[PDB]
Protein chains: 2
Amino acid sequence: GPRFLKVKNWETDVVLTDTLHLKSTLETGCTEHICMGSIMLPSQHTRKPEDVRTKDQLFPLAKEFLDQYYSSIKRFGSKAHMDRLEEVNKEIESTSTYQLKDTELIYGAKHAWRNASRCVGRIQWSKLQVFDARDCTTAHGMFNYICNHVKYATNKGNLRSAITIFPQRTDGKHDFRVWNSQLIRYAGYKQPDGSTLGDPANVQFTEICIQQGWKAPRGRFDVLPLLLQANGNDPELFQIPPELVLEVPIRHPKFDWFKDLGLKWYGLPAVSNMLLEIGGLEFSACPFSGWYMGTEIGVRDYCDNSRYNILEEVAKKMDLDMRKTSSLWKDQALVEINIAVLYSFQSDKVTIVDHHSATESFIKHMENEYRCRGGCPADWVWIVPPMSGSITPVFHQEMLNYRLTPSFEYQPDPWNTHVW
Amino acid sequence: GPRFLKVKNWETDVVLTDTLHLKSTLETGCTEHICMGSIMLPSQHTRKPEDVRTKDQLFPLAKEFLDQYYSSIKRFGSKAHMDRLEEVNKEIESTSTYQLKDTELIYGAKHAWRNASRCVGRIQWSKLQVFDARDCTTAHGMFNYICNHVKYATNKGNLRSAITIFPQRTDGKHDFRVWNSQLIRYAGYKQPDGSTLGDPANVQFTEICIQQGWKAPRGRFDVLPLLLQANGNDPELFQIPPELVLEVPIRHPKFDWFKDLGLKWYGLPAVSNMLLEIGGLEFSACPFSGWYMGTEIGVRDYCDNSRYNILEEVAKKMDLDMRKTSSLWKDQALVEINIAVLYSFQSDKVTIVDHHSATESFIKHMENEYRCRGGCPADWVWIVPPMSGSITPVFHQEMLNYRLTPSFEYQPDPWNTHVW
Ligand code: HEM
Ligand code: HEM
Ligand SMILES: N=C(Nc1ccc(CCNCc2cccc(Cl)c2)cc1)c1cccs1
Ligand SMILES: N=C(Nc1ccc(CCNCc2cccc(Cl)c2)cc1)c1cccs1
Ligand SMILES: C[C@H](O)[C@H](O)[C@H]1CNc2nc(N)[nH]c(=O)c2N1
Ligand SMILES: C[C@H](O)[C@H](O)[C@H]1CNc2nc(N)[nH]c(=O)c2N1
Ligand SMILES: [Zn+2]
């Protein structure tokens, strides 16, 4: 179409028409001569470590959001709409910023998720619990909110999606940041013997903690301490209450020897290093959580070469023919590890979804979004699971990727800027 | 870089600099606001079913190629170069087209493959056998060349890459087309009982053949007849000599019951429906072949829902728990089917490569191409295998995709145009 883009499913031949892309103003990183679809950080809005948006750069963005928000409730042009535009406008003029009402914040958070093109679990987007932490002023206050978020979200295993929003960035005053990449994660330690204990992905953070006084248990699965930063002040260490950290011992439903591998993982995945942008406002500390898709742990966390990298050990115990890759011993061990993960979480009755169920519901979500919103931004490279790709329905689904706002963006690691 | 694009491997942290993209003039389908990286046919050059390039549209393209060809041999600007440019130019003026010398044709074919961004086996690109069939004038002549190609390429199981190039398109005279999607493929028949015998992907072609007199054996693995079109004349049916069609009975190295499934596949993959473009010239009939990557058969050909779709049967025989997707019975059966395929071809000593070995050599190829050519166009969506994606090195490799020429493009199915 000369404006209406079509995406087809090559497995079912269903074709959809996308008009929603016409509302994108942000750049993807691609040009008519080159495609950057497989670049992790095409740095098209990875949040500038620079200053902060100015009054002139903030009102247009603030206005774009309100127009969008009010059109949502079918009140575009209303007095309320125009009244609100004048308030924010006048408010930005005097304070160089503005405050979102509670309703606009909830709408913005849900849509940041709704617009997350790399997220396969968006069918859940409208069911998000928003915790307003904008009145927080210290690291102890942040610790409290986080513990409450973790308890709520965990819900004794029956996981519930949630996000806690700390004060937005200002200019000078300074901002809030959760130095951890995820609320709950395991430490990593580079052994002197060239070995690496724990999660290799968290070695640089583990060092920051240790230097701050953390008493690393020097174990394989040590839950890291929270390193919180409020109002641009130095970060502070806090130990999330163990009773609040739900974990699952990994065992196999057929291989009794699997237990002995000593594998375990935490049940609540919670991202804490991203930035939430709503109406030109930037919320640099907005930890959010949902639940795991089995492959995140079984394929990536456990089998990534630069992660726990457990394929050999498992393969050995299975007495596999690891003399040639053609035996597919890696693939075979990979399937068992993922069967163990699902079986375990399900046994402990901790919420989790397998890549088969997760991808099918995403297709349903896409069809829903095309019907009611005119489209759905999706990043194929990220939506397709790291194992058994073509046996899942998303592999055969063409997807259009574009940037819509509100949204979640990436931001510089706090220790690569924060002074002192 | 303000011109030098960088691709990184997130598993090894190696970063490469791409300058080669600066030589792309063709469009990818993406824009700064939207990415079409997962669209199968972004119709950016899927060969226009229209007329044919004119003299004015042909010389610039012819010139671009020669300049490229002569720069290859480090003779840009030479007398030979300029002499050749004037010949082709003058030749296009009188005949409205031109003829590539043997050397330019071989260089062009190898580079069409070298530039194939969706191909994971390009490390082999410089080792291609080029068969010049430009003197062919009838369907019988095409049949002969094809049989010879198949015999050469097959080489009794020790497969060798090759391509046979029939006469280029002209204007009126008319062109050559191999109506088959691949030289060797199985027929498909829609059963009256809603069933579908054979390969569902080939049902429409099987009908064309049958209507042309083909005596379909109405079996599950019936090698289709060749339907050749020379000089725009109606296509003619030919039966490739069975002794020339190498096939492999699929059996498992542990499950003796696998044999009984009656699975078999042919050893030579040969694409015959694409169009080769060199110097503005279009070779609408240029069948090419190499060898299989295990997953093409085991994952896609056998397990695609719209293909043989054999996951249940296999799963049943394995006595798997197919009551819930969480058991990963599909994944488990998928690994065994692929172990069977590799084991079988290897047993019969027919060339084949597993996704692990194939993807690692592609990484090596990429590193080679960045060193000597300044880059390598790669389509991530296609390069990453349909199973166990993240355990292969290409999954963690960022790839830049752009169109370089010479190249292989798609073209309209011959029966959707050819009259009579
Ligand atoms: C309801 C359950 C949910 C599931 C199963 C789910 C699953 C996923 C998965 C598998 C990924 C890939 C993660 C990776 O590869 O590292 C992902 C990415 C993402 N999810 Fe979801 N998600 C859910 C809820 C949420 C929530 C509550 C939010 C936000 C409010 C969210 C925002 C995102 C974002 C921003 C990404 C992209 C991360 C990036 O770009 O680095 N997800 N999700
Ligand atoms: C030497 C062994 C080779 C291997 C293992 C290999 C493997 C592959 C694989 C796995 C695909 C995916 C096919 C699909 O998903 O349908 C592919 C695509 C492709 N290969 Fe190669 N290849 C090889 C040789 C060749 C040769 C000889 C040529 C041409 C001279 C070639 C040209 C291409 C092209 C054009 C595509 C893209 C197809 C499309 O866009 O639809 N390949 N190759
Ligand atoms: N299923 C989840 N897991 C999850 C989601 C997102 C991420 C973030 C992955 N970020 C990768 C990345 C890519 C590029 C640059 C950077 Cl800094 C980071 C991690 C786990 C959920 C997390 C919160 C809700 S669901
Ligand atoms: N390994 C091979 N297999 C193979 C390569 C390419 C194709 C072509 C796949 N085309 C898919 C497609 C995609 C979009 C539109 C159309 Cl018409 C067709 C098939 C098998 C080789 C074939 C020739 C040499 S290697
Ligand atoms: C290089 C490539 O973009 C990178 O490895 C991507 C591929 N797809 C992914 N998909 C998900 N869900 N998560 C990831 O971290 C990645 N990594
Ligand atoms: C929709 C999506 O682009 C499509 O299913 C692609 C994905 N990757 C692929 N990769 C290869 N090698 N072959 C294919 O046919 C496909 N299909
Ligand atoms: Zn793109």
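The B:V245 and B:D102 beta-carbon pair, evaluated with R₀ = 22 Å, returns a calculated FRET efficiency of approximately 0.15. Please compute the contact order of chain B in relative form: average sequence separation of alpha-carbon pairs under 8 Å and at least six residues apart, divided by the residue count, as a percent. Relative contact order comes out at 24 percent. Here is the link list: A:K110/A:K364; A:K364/B:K324; A:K254/B:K264. Which ones come out longer than 21 Å on Cα distance? Pairs exceeding the cut-off: A:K254/B:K264. Projecting the Cα positions of B:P287, B:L197, B:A230 onto the charge dipole of the range B:197-293 (unit charges on Cβ atoms of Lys, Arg, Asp and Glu, taken about the Cα centre) puts B:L197 furthest along the positive direction. Across identical copies of the chain, A:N231 has label-point separations of 9.0 nm, listed in ascending order, with the point defined 7 angstrom from Cα along Cα→Cβ.
The alpha-carbon of B:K151 sits under 18 angstrom from the alpha-carbons of these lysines, leaving out residues fewer than 8 places away in its chain: B:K127, B:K349. Rg/Rh for the protein assembly as shown (Cα atoms only, Rh after Kirkwood) is 0.99.
Look at the stretch A:331-339: the mean tally of other chain Cβ atoms within 10 Å of its residues' Cβ atoms is 6.
What the pair-distance distribution of the range A:262-303 shows, using all Cα-Cα distances binned every 10 Å from zero, is 24, 38, 25, 11, 1 percent.
For the protein assembly as shown, the residue among A:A216, A:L41, B:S117 whose Cα projects farthest onto the positive side of the dipole built from Cβ charges is A:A216.
With R₀ set to 51 Å, the beta-carbon distance separating B:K215 from A:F255 gives a calculated FRET efficiency near 0.45. Applying the criteria of a DSSP loop state and at most 15 other Cβ atoms within 10 Å to the chymotrypsin sites (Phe, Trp or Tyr not before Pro) of the range A:40-93 yields A:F76.
Starting from the Cα of A:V419, move 7 Å in the Cα-to-Cβ direction to define the label point; list residues of the range A:214-231 whose amide nitrogen is under 20 Å from there. The answer is A:229-231, whose backbone nitrogens lie closer than 20 Å to the label point.
Measure out, as a whole number of angstrom, how far apart the alpha-carbon centroids of the range B:273-330 and the range A:253-307 sit. One Cα centre to the other: 31 Å. Largest first and in whole Å, the equivalent-ellipsoid semi-axes of the range B:24-90 read 32, 17, 8, each the square root of five times a Cα gyration tensor eigenvalue. Put simply, chain B fits an ellipsoid with semi-axes of 37, 29, 19 Å; these come from the alpha carbon gyration tensor as the roots of five times its eigenvalues, largest first.
In the elastic network of chain B, a GNM with C-alpha springs shorter than 10 Å, the most mobile of B:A378, B:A187, B:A216 is B:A216. Taken about its Cα centre, the range B:16-132 carries a charge dipole of roughly 480 debye when the Cβ of each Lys and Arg holds +1 and the Cβ of each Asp and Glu holds -1.
The mean of 1/r over all pairs of different alpha-carbon atoms in the range B:49-175, once inverted, gives a Kirkwood hydrodynamic radius of 16.6 Å.
Toward the positive end of the charge dipole of chain B, with +1 on the Cβ of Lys and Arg and -1 on the Cβ of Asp and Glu, the farthest Cα among B:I165, B:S126, B:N148 is that of B:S126.
Within the range B:211-331, the ratio Rg/Rh, alpha carbon atoms throughout and Rh by Kirkwood, equals 1.07.
For A:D135 and B:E32, the FRET efficiency from 1/(1 + (r/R0)^6), where r spans their Cβ atoms and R0 equals 35 Å, is about 0.30.
With Cα atoms defining each centre, the range B:110-186 and the range B:1-66 are spaced 24 Å apart in the structure. Placing a label point 7 Å from Cα along the Cα-to-Cβ axis, A:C372 is separated from the same position in the other copies by 5.6 nm, shortest listed first.
In this rough spin-label picture, where each label sits 7 Å from Cα along the Cβ direction, the A:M318-B:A80 distance is 5.6 nm.
I need the fraction of alpha carbon pairs in the range B:136-220 separated by more than 22 Å, rounded to a whole percent. For the range B:136-220, the share of Cα pairs beyond 22 Å comes to 45 percent. Spatially, the range B:75-99 and the range A:208-246 are offset by 72 Å when compared through their Cα centroids.
As a ratio to 2.2 N^0.38 Å, the alpha-carbon radius of gyration computed for the range A:351-407 takes the value 1.16.
Projected over every direction and averaged, the convex hull enclosing the alpha-carbon atoms of the range A:143-298 yields 11.2 nm².
Once both labels are positioned 7 Å from their Cα atoms along Cα-to-Cβ, the gap between B:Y152 and A:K349 label points is 7.0 nm.
Rounded to the nearest 500, the helix-only mean residue ellipticity at 222 nm of chain B stands at -9000 deg cm²/dmol, with each DSSP H run of n ≥ 4 adding -39,500 (n - 2.57).
Note on B:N233 and B:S72: the extension gain reaches 54.1 nm, defined as 0.36 nm multiplied by sequence separation minus the Cα-Cα distance.
In nanometres and ascending order, the distances from the A:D260 label point to those of the other copies are 3.4 (point 7 Å from Cα along Cα→Cβ). Rounded to the nearest 20 debye, the dipole size of the protein assembly as shown about its Cα centre is 560 debye, using +1 on the Cβ of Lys and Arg and -1 on the Cβ of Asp and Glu.
The charge dipole of chain B, taken about its Cα centre with unit charges on the Cβ of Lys, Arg, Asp and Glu (plus for the first two, minus for the last two), comes to roughly 700 debye. For the range B:172-219, trypsin sites (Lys or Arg not before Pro) are listed when DSSP marks them as loop and at most 16 other Cβ atoms sit within 10 Å of their Cβ; the list is B:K173, B:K215, B:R218.
Annotation for A:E207 and B:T196: the two label points, set 7 Å from Cα along the Cα-Cβ direction, are 5.6 nm apart.
Every number here is computed from the coordinates shown, using simple stated rules; none is lab data. Neighbour counts run over all protein chains shown; Cβ positions are idealised from the backbone, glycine included.
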